[PDB]
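This report concerns only the one structure given below.
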Amino acid sequence: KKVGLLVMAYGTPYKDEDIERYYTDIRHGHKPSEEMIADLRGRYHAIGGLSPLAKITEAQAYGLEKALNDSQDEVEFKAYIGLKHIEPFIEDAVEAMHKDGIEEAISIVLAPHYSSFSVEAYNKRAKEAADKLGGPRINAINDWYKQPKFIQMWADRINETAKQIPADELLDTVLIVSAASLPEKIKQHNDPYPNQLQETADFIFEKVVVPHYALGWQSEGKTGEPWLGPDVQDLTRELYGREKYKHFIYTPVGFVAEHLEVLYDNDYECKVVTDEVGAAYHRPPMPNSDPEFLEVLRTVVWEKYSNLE
Ligand code: FEC
Ligand SMILES: [Ca+2]
Numbered sequence: 015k016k017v018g019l020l021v022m023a024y025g026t027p028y029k030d031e032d033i034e035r036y037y038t039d040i041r042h043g044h045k046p047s048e049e050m051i052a053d054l055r056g057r058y059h060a061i062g063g064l065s066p067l068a069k070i071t072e073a074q075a076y077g078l079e080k081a082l083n084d085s086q087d088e089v090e091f092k093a094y095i096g097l098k099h100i101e102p103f104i105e106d107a108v109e110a111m112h113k114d115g116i117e118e119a120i121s122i123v124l125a126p127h128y129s130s131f132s133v134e135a136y137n138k139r140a141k142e143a144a145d146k147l148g149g150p151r152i153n154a155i156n157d158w159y160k161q162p163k164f165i166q167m168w169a170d171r172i173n174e175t176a177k178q179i180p181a182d183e184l185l186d187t188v189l190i191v192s193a194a195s196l197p198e199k200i201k202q203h204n205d206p207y208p209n210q211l212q213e214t215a216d217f218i219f220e221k222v223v224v225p226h227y228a229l230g231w232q233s234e235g236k237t238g239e240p241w242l243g244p245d246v247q248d249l250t251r252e253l254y255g256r257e258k259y260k261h262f263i264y265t266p267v268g269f270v271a272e273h274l275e276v277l278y279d280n281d282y283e284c285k286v287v288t289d290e291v292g293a294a295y296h297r298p299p300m301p302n303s304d305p306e307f308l309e310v311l312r313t314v315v316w317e318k319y320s321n322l323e
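The sequence shown begins at 15 in this note's numbering and counts up one residue at a time.
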């Protein structure tokens, strides 16, 4: 019998006409203003029109399914994609499993770190849909940044970039490790998210030749409350002011694909800052559907399945 593999991600507009309803969904059903829509649409336009996140997420979910099924024959996995803010929604994926007769599923979020605003909400929605339908039972993975192959993947990508920096400028190079920002109040309740990112930065740093590093956040939202900082743009300016770094290497390790928050918030907004101070910009390829990353996810899911049984 088959075990459902519920692969969850944020979602992205398929078409330009979808941007309004996607943004409305992000804002809990409250339609943004015309100025807010125009600004978002202009960011998608700046990165080429739309984001490739849709096809990357699919390649990741079906590449993971194939890696799992080609590596063993104790069980057959069947992947279902459930998205947070556009169809197929999380609830649609759970419905489809139930209608297919899946009785047992493992879920994974395509974000390696846990927080109350991200993975918690994914898991709450998946379990609430399964409770109503009467199945499947969902066994959730909460985080997986500690996976050794995950850390080694990012260190290899950073070391390949650093090898193309001149040896006499490596001492003036800094590795900026980042994730999506969240409201700062999550620290008041000891949410694990900021600690998990610091841990990820520490594990990577001990495996790369780059001698300096700093932790930052990015892509904070339009609210009137404080968000986790420093922002990667502001941190770049500060570090140039104190240390005069010549090379900035940005690894937004909270993300797993090349989407709007990397293509715009790093490759446009951070490059604007490195240009202003006169430093070089580097941003290694994201994991996307590269086989080494599919192997990270296969290890994570197969270890989860091994520990249930
Ligand atoms: C955490 C976290 C992740 C990583 C975990 C996971 O991937 O789900 C995360 C991942 C992503 C990814 C990719 C994308 C890119 C989608 C694509 O079109 O390329 C992506 C894109 C957007 N996020 Fe995002 N996120 N995000 C928040 C937290 C997280 N976010 C919070 C909080 C709010 C604030 C909600 C509100 O305003 O009340 C919020 C709002 C937006 C908007 C709305 C427009 C704007 O104002 O910027 C867009 C577009
Ligand atoms: Ca921003």
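We put the beta carbon where it would ideally sit given N, CA and C, even for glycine.
Contacting residues, own chain, Cβ-Cβ under 7 Å from residue i (five flanking each side not counted)
i	result
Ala-75	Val-21, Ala-93, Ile-95
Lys-285	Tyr-295
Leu-249	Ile-190, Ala-228, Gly-230
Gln-161	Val-310, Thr-313, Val-314
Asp-205	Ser-129, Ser-130
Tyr-254	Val-291, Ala-293
Residue of the options minimising C-alpha distance to residue i
i	options	result
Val-223	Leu-184, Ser-233, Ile-100, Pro-244	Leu-184
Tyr-295	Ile-263, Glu-317, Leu-322, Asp-304	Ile-263
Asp-245	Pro-197, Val-17, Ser-303, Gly-18	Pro-197
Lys-138	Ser-121, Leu-229, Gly-56	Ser-121
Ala-228	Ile-190, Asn-83, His-203	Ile-190
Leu-82	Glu-323, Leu-322, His-226, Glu-309	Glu-309
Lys-163	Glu-257, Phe-307, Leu-322, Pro-240	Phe-307
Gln-212	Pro-240, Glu-257, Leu-253, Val-267	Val-267
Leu-147	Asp-53, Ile-116, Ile-40	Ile-116
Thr-187	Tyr-37, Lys-260, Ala-60	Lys-260
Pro-225	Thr-38, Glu-257, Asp-39	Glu-257
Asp-87	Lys-16, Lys-199, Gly-235	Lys-16
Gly-149	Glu-109, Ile-179, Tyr-128, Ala-135	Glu-109
Any non-hydrogen atom of ligand 1 within 7 Å of residue i CB
i	result
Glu-275	yes
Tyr-159	no
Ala-23	yes
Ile-70	no
residue 325	Past the edges of the chain, shown from 15 to 323, lies residue 325, and the structure says nothing about it.
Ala-194	yes
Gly-235	yes
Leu-54	yes
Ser-320	no
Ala-294	no
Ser-129	yes
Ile-218	no
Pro-27	yes
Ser-303	no
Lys-98	yes
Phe-269	yes
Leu-67	yes
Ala-73	no
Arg-41	yes
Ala-125	yes
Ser-47	no
Exposure of residue i, with buried meaning 16 or more beta-carbon neighbours within 10 Å
i	result
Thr-288	buried
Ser-192	buried
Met-167	buried
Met-50	exposed
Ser-85	exposed
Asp-279	buried
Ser-47	exposed
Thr-237	exposed
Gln-210	buried
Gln-232	buried
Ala-181	exposed
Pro-126	buried
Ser-132	buried
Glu-90	exposed
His-42	exposed
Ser-320	exposed
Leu-124	buried
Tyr-282	exposed
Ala-176	buried
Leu-322	exposed
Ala-293	buried
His-112	buried
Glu-79	buried
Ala-143	buried
Chain-order list of residues whose beta-carbon lies under 8 Å from that of residue i (same chain, five-residue window excluded)
i	result
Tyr-28	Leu-64, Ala-68, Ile-100
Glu-174	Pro-298
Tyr-58	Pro-27, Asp-30, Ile-33, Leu-64, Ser-65, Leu-274
Close Cβ partners of residue i (< 6 Å) along its chain, the five nearest in sequence each way excluded
i	result
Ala-194	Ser-233, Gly-268
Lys-98	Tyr-24, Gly-25
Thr-71	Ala-23
Of all residues in the structure, which have a C-beta closer than 6 Å to any heavy atom of ligand 3, taken in chain order?
Questions concerning ligand 3 fall outside what the structure shown contains, since the ligands it does hold are ligand 1 and ligand 2.
Does the region 213 to 222 come into contact with the region 151 to 169, if we say contact requires no fewer than three beta-carbon pairs (one atom in each stretch) closer than 8 Å?
In the pairwise beta carbon analysis, the region 213 to 222 is classified as touching the region 151 to 169: at least three pairs are separated by under 8 Å.
For the region 304 to 318 and the region 142 to 156, state whether three or more C-beta atom pairs, one from each stretch, are separated by less than 8 Å.
Yes, the region 304 to 318 touches the region 142 to 156.
With three or more C-beta pairs closer than 8 Å as the rule, is the region 266 to 283 touching the region 299 to 308?
With three or more CB-CB distances shorter than 8 Å, the region 299 to 308 counts as touching the region 266 to 283.
For the region 105 to 116 and the region 131 to 151, state whether three or more C-beta atom pairs, one from each stretch, are separated by less than 8 Å.
Counting C-beta pairs closer than 8 Å gives three or more between the region 105 to 116 and the region 131 to 151, which meets the contact rule.
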